[PDB]
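Here is the structure we will look at.
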Amino acid sequence: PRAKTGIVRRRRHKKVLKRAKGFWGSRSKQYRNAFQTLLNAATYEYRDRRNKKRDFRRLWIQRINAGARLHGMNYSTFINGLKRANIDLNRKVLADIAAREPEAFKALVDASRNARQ
Amino acid sequence: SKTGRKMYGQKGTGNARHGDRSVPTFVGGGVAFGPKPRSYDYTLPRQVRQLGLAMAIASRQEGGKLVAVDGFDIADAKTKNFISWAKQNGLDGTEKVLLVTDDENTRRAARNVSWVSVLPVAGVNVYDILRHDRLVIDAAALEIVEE
Amino acid sequence: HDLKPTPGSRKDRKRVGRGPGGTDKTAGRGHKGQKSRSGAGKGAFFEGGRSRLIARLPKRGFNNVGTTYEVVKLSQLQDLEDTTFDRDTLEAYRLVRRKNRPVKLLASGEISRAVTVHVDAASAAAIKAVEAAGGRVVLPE
RNA sequence: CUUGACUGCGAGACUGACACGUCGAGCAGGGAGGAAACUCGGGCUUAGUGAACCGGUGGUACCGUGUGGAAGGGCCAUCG
RNA sequence: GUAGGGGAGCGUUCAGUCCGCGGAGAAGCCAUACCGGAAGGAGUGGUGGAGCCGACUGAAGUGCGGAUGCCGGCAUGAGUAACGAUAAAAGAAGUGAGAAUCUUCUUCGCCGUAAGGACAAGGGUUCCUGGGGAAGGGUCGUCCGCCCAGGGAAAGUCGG
RNA sequence: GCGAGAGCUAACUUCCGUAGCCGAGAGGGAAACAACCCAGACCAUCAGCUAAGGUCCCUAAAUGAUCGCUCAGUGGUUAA
RNA sequence: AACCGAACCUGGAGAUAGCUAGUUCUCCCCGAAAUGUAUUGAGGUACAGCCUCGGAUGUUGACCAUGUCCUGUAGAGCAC
RNA sequence: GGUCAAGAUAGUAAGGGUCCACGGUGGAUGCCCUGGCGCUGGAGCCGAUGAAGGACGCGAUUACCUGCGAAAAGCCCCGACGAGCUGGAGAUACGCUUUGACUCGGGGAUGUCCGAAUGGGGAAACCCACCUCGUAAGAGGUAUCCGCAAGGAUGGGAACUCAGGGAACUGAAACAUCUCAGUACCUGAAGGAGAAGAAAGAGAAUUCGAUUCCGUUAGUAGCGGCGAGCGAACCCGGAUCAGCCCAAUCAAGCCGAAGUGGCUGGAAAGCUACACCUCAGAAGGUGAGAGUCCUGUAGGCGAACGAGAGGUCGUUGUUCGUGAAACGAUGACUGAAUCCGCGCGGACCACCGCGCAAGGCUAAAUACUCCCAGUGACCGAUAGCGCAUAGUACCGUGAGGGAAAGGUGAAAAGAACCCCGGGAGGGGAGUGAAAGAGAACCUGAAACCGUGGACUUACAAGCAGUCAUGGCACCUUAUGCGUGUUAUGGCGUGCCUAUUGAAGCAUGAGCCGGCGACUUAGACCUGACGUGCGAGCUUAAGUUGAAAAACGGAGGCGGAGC
Ligand SMILES: [Mg+2]
Ligand SMILES: [Mg+2]
Ligand SMILES: [Mg+2]
Ligand SMILES: [Mg+2]
Ligand SMILES: [Mg+2]
Ligand SMILES: [Mg+2]
Ligand SMILES: [Mg+2]
Ligand SMILES: [Mg+2]
Ligand SMILES: [Mg+2]
Ligand SMILES: [Mg+2]
Ligand SMILES: [Mg+2]
Ligand SMILES: [Mg+2]
Ligand SMILES: [Mg+2]
Ligand SMILES: [Mg+2]
Ligand SMILES: [Mg+2]
Ligand SMILES: [Mg+2]
Ligand SMILES: [Mg+2]
Ligand SMILES: [Mg+2]
Ligand SMILES: [Mg+2]
Ligand SMILES: [Mg+2]
Ligand SMILES: [Mg+2]
Ligand SMILES: [Mg+2]
Ligand SMILES: [Mg+2]
Ligand SMILES: [Mg+2]
Ligand SMILES: [Mg+2]
Ligand SMILES: [Mg+2]
Ligand SMILES: [Mg+2]
Ligand SMILES: [Mg+2]
Ligand SMILES: [Mg+2]
Ligand SMILES: [Mg+2]
Ligand SMILES: [Mg+2]
Ligand SMILES: [Mg+2]
Ligand SMILES: [Mg+2]
Ligand SMILES: [Mg+2]
Ligand SMILES: [Mg+2]
Ligand SMILES: [Mg+2]
Ligand SMILES: [Mg+2]
Ligand SMILES: [Mg+2]
Ligand SMILES: [Mg+2]
Ligand SMILES: [Mg+2]
Ligand SMILES: [Mg+2]
Ligand SMILES: [Mg+2]
Ligand SMILES: [Mg+2]
Ligand SMILES: [Mg+2]
Ligand SMILES: [Mg+2]
Ligand SMILES: [Mg+2]
Ligand SMILES: [Mg+2]
Ligand SMILES: [Mg+2]
Ligand SMILES: [Mg+2]
Ligand SMILES: [Mg+2]
Ligand SMILES: [Mg+2]
Ligand SMILES: [Mg+2]
Ligand SMILES: [Mg+2]
Ligand SMILES: [Mg+2]
Ligand SMILES: [Mg+2]
Ligand SMILES: [Mg+2]
Ligand SMILES: [Mg+2]
Ligand SMILES: [Mg+2]
Ligand SMILES: [Mg+2]
Ligand SMILES: [Mg+2]
Ligand SMILES: [Mg+2]
Ligand SMILES: [Mg+2]
Ligand SMILES: [Mg+2]
Ligand SMILES: [Mg+2]
Ligand SMILES: [Mg+2]
């Protein structure tokens, strides 16, 4: 008995083309370029998952550095005197405190400096 | 039917190279790895034919969908008589039933029956039996086919 | 339809090619080679280009057919055969079957109960140990 | 003075992908020199070599086709 | 984790068998944010018009992006190049649904040992009348060597 | 990279040896960069410490602290 | 009879092709090799070496200390 | 609040982008069959009485097909059928037929011209004749060879068979013996089959007993640049049997059981409540799925006609390659015995065995499959033959090559009629269940072209993605982990193949569909899983039955090595 593709291929293909939208030109419309575009897209997804884990960390950091400096502290010195008084805060939170909660950041500062000297 | 003839130029054309039009990659051409006439039959060794057959009978005895039959009252070769007899041995009408006897009349009665099959003498097989719900045993060639 | 097949009694074949899953490309074959080629003939005794061990070696002797002798064992006329004797067709309808050859009886086991034999030939130690346990050996004329 | 530049073998190892190749105590038959214990199956050693195949030759009596013989063939030797 | 060997499975058809659906609507197709570890598979909505899903088992022409692969369709180049001899055209008149192109008229331009005329070889109704305008015409066509129908060809002396 | 040969103590050179690496290795670093320095990615996280390598801005992190040098933009490409 | 150092057509014929391309579903586990030795053999085949599956075996592996023998390079030296 | 000043940001889109809606293009997919394909079985020749195959003709209108032959879509006779018929073809008018048409079976008659062509010629289908009878119109004859005559031969046939002739590529990893292989092809003859056949045989048992066929022996004995590779037979089991003579019943047809009511529906066959048949539940048609409507099936009948010697030299055949070369087999030279004789037993000799050369026929089993029928884990429109038909269109001076082609509906009820236009085309109407079927008439994928809409886009540098955030939009697995779109940021070297190393300025490819490649065979080899019997395991050819399988010990594997 013979068994044409009949259906399967159109199936596979559409799957890709439905992943494949928003894509500029041919990419969103022809299979090969679509599936392809998606190979690379794969690479970018994986890496950029861990990557965003980096990037956010960076962001939090610069916000804290700011905070410290807003009084007279370095990031490194603030964070270090916040290791010294053992104030074991996540730094994401520290950003949050720093930019949305003023006088709190103030206190955490005075603390870090105290524990530093 | 797609003659040998080289079709065009081996080099030169600016086209992919081909030889004939009778080829697996051509529409029209012959099939590559197609089926041909064969025969999937072999000789399963005796031993296990017997052991199967048996195991089938059995499987339907501890069922228990056996009806060991010594007689048959089905007038002269008529179907309604089959349906009646049947009715009075326990044959509601909601099962598939496989006759094994030797009396032409009983078969001729058992033939048109939508819910029943009619296997004559020896030609009996694990299929038909398992193929069905009930075995019309019968009885005669059962204890003597034991030995 | 009830049934089912013995676990491991039917292995699904290999269809090579088909995906990276999977046996990508190549089909087991690797990259290039004479092996790579849809073509018969290689074959199996073709070592190198070369000249083979096969033909590097001394051809000793020749080939005689000869009369080859059908084994009968002691521990088979012996133990629990309970002497129905050897007769002719009798041993055939038991456990020593060929045709178009002559039967030989030779040792292997030990000897007790008295039996007379009916073989085409036999070993010295055989006639010896079977007479010394109560029975003859019928060699043809 | 001599023919151990010897037949029948081979414990155990070196070596090599394979095929080869290398060393060897000891046992037998039977010798050689020493008065002896001994030593010898080639040279201080490591180069001085060519697998199969087909054929010559000296033994050998395993095969030889209905049978007994002979052709031919096998085995040891050996020559190209 | 490459060649490679091993392990478990997803989907396609045909087949045996059971659960079973379907004109109050099958398959196939179309949309989507649900599910599964993945091959995949469900819900509902729109399509369609007469067949089909599911489980277990069996057998395969059983899964394609590539082969300057094969068939077919449609894109790019592009409203580009070209419209096939630089012998050349004007105005009036007519017809038609529509005219630079078709039909009259009056001129102009070109061939004139030809670009005239008569045969042969070849072609085959292309000839004539009346009609048509899809396509053939390198534009247009009301026109034609294209389409339709009907007619036309006559030998004792030519030629066999 | 370390050992040597052929080269011209030439080569992104070639022929051996030897360790690691790429091949078949993603991740950070060396601007960029198969081989180099750190390091071997089973999925998830808007969680923490470190390695090589860094901390004026681009660009995360001391325009740090003290004892000095060079003033040539040396740094940021060579010699008698 | 529009490409003649050997017409075109059909056929053997699916000649051969150590060569070039191409070889489609998914997840998991392991995971190489480009060294040797031959080869009318060098971009090809044989055997080993290296992977993997499975059955046996039982710590025989592996690194590291010890003990113990083998060596003739680095350096050095001038005894041939 | 007006003027001026400094600073910030908005909107427009020529065009484009992403998404969405809606068509177009095209004809994938699903469904379907009016066409294939294979296996089993049946059947198997035609022709000088003109074959296959044609040319031209026959029609009320006739281009193609079909049927036919100037007696021309037909003519006579018989038989079945019994109401319609007047070929596909779907068109009018003409008619025919219950005195029996049409269709079917069975014979007959007529059958132009070409073609073995055959009165002679010829560029097939055309040209010109001579002779016999006829009043003419016509009819017959006029080839050649075997024969006394009567009579037979000529040509065609897909394969099957026999014979004369007989390649190469290939493999031996080069080649020449060798292998391909007496294969491809050419030719001759012949049949429904053919060939072979009635022992100077196999042979080794003083056994079998014509042949052909299958199983097996058996990849055994052997052959061979003893390399590649080549490869028997006797015995044993089956198929089918035969040994004779000469020279001193199917083919036309008929007849055949048993349901209605309500329900959905455009439509009942489906749902349903109760029914009956069955020797008949195989199938197909009927508005959607029918045992009980129809045609059928099980069954029963069934026709006038109808069919059932030796030797030598060069060589070769078998496993036979000069090898110890037997034997047959023939080309050239030689050409013995005929019974107290001849031939073989693989050189050769004796012995001892098997045999009757020089004359012929022979059914049966076996091979094939143009054709007929039945089936199918064979195809359904790129499949399947090349063809849903066509060797046609088209190409070729020729030999030769050679396509794509499928679908309205249940039924034509095929759209009178009004509207814009010359038309084409469309918009109504009307039919239908549906015109979301309208004749470019089933579904209608994708590339590809467009209209509309959302959000965006004119200081911007880009493998076109990713990932983070803001904007705007939307709310039928969908108000949160949202979906569409977007701005800004970070980050980021297409895919494949080939490689020491690929974004590579290295290979491939315009795009999307669909077709596209690790298979099959052998009762071979060797392994892993599994199973059934287990010192035991097993059949093959065949036989019988066959909506199934059973029988079949002939041989095979294990049994003991050297
Ligand atoms: Mg981190
Ligand atoms: Mg090109
Ligand atoms: Mg695998
Ligand atoms: Mg490749
Ligand atoms: Mg290579
Ligand atoms: Mg040789
Ligand atoms: Mg000799
Ligand atoms: Mg001799
Ligand atoms: Mg099924
Ligand atoms: Mg289907
Ligand atoms: Mg493609
Ligand atoms: Mg190109
Ligand atoms: Mg323009
Ligand atoms: Mg241009
Ligand atoms: Mg221009
Ligand atoms: Mg122009
Ligand atoms: Mg012109
Ligand atoms: Mg001009
Ligand atoms: Mg006028
Ligand atoms: Mg007018
Ligand atoms: Mg003009
Ligand atoms: Mg003229
Ligand atoms: Mg005219
Ligand atoms: Mg025009
Ligand atoms: Mg007009
Ligand atoms: Mg190099
Ligand atoms: Mg590589
Ligand atoms: Mg890396
Ligand atoms: Mg790196
Ligand atoms: Mg970087
Ligand atoms: Mg580099
Ligand atoms: Mg550090
Ligand atoms: Mg910073
Ligand atoms: Mg020429
Ligand atoms: Mg060939
Ligand atoms: Mg080829
Ligand atoms: Mg690992
Ligand atoms: Mg190398
Ligand atoms: Mg190997
Ligand atoms: Mg150890
Ligand atoms: Mg030194
Ligand atoms: Mg505009
Ligand atoms: Mg005709
Ligand atoms: Mg009649
Ligand atoms: Mg009738
Ligand atoms: Mg007539
Ligand atoms: Mg004639
Ligand atoms: Mg050759
Ligand atoms: Mg060759
Ligand atoms: Mg003939
Ligand atoms: Mg001879
Ligand atoms: Mg010969
Ligand atoms: Mg002879
Ligand atoms: Mg289709
Ligand atoms: Mg086709
Ligand atoms: Mg109209
Ligand atoms: Mg728009
Ligand atoms: Mg600017
Ligand atoms: Mg802007
Ligand atoms: Mg690929
Ligand atoms: Mg390279
Ligand atoms: Mg480029
Ligand atoms: Mg490229
Ligand atoms: Mg290249
Ligand atoms: Mg087993």
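In this analysis, Cβ positions are derived from the backbone assuming ideal geometry, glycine residues included, and neighbour counts consider all displayed protein chains. A short reminder: the numbers here are calculations on the coordinates, not readings from a lab.
In this structure, the residue pairs whose Cα-Cα separation is over 31 Å, taken from A:29/C:25; B:65/C:4; B:36/C:99; C:11/C:42, are B:36/C:99. Approximating the spin labels as points 7 Å out from Cα along Cα→Cβ, the residue C:10-to-residue A:16 distance works out to 3.5 nm.
Placing +1 on each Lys and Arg Cβ and -1 on each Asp and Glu Cβ, with no other charges, gives chain B a dipole about its Cα centre of roughly 1940 debye.
By how many degrees, between 0 and 90 and to the nearest 10, does the Cα long axis of helix B:79-89 differ from the longest principal axis of chain B? That works out to roughly 70 degrees. Using a cut-off of 14 Å between beta-carbons, work out the net charge of the residues near residue A:115 (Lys and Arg +1, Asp and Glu -1, residue A:115 not included). Result for the local shell: +2.
From its DSSP helices (H runs of at least four residues, each -39,500 (n - 2.57)), the protein assembly as shown gives a residue-normalised ellipticity at 222 nm of -11000 deg cm²/dmol. For chain A, the relative contact order works out to 19 percent when only alpha carbon pairs closer than 8 Å and six or more residues apart are counted.
Between residue C:131 and residue C:35, what's the calculated FRET efficiency when r is the beta-carbon distance and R0 is 51 Å? Round to 0.05.
Details: r = 65 Å, r/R0 = 1.28.
Computed FRET efficiency for residue C:131 and residue C:35 comes out at 0.20.
Between exposed trypsin sites (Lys or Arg not before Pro) in chain A, where DSSP calls loop and at most 10 other Cβ atoms lie within 10 Å, what's the longest gap? Longest site-free region, per DSSP loop and neighbour criteria: A:22-117.
Annotation for region C:60-101 versus region A:59-94: alpha-carbon center distance of 100 Å. Of all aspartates and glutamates in the structure, the ones whose alpha carbon falls short of 20 Å from that of residue B:11, not counting any fewer than 8 places away in one chain, are B:20. A Cβ-based charge dipole, computed about the Cα centre of chain A with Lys and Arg at +1 and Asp and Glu at -1, lands at about 1620 debye. Tell me which of A:8, A:61, A:33 sits at the most positive position along the dipole axis of chain A, charges placed on C-beta atoms (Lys, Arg +1; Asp, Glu -1). Positive-end residue among those listed: A:8. For chain B, a Gaussian network of Cα nodes joined below 10 Å ranks B:106, B:79, B:94 by mean-square fluctuation, and the top entry is B:94. Please identify every one of the GluC sites (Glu not before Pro) in region B:40-137 that sits in a loop by DSSP and has no more than 15 other beta carbons within 10 Å of its own beta carbon. Passing both the DSSP loop test and the Cβ count: B:62, B:95. Expressed in nm², what is the orientationally averaged projection area of the convex hull enclosing the Cα positions of chain C? Averaging across all directions leaves 20.6 nm² for the Cα convex hull. If you keep only loop residues by DSSP, which GluC sites (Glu not before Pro) in region C:24-122 have at most 15 other Cβ atoms within 10 Å of their Cβ? For GluC sites (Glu not before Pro) across region C:24-122 that sit outside H, G, I, E and B with at most 15 neighbouring Cβ atoms in 10 Å, the list reads C:47, C:110. Where both bridge residues fall in the protein assembly as shown, DSSP classifies roughly 5% of the beta bridges as antiparallel. Restriction of the trypsin sites (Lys or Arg not before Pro) in region B:50-147 to DSSP coil positions whose beta-carbon has at most 15 other beta-carbons within 10 angstrom yields B:65, B:78, B:96, B:111, B:131.
Considering only B:126, B:83, C:19, and ranking their Cα positions along the charge dipole of the protein assembly as shown that arises from unit charges at the beta-carbon of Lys, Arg, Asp and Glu, the one farthest toward the positive end is C:19. Under 19 Å from a label point set 7 Å out along the Cα-to-Cβ vector of residue C:63, no amide N atom of region C:82-100 is found.
Name the longest site-free stretch of chain B, where the excluded sites are chymotrypsin sites (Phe, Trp or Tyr not before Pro) in a DSSP loop with no more than 13 other beta-carbon atoms within 10 Å. The longest uninterrupted stretch comes out as B:43-147. Residues whose amide H comes within less than 5 Å of that of residue C:117, counting only those at least five positions distant or on another chain, are C:136, C:137, C:138 (H built at 1.01 Å from N in the peptide plane). Taken about its Cα centre, chain C carries a charge dipole of roughly 2040 debye when the Cβ of each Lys and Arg holds +1 and the Cβ of each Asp and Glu holds -1.
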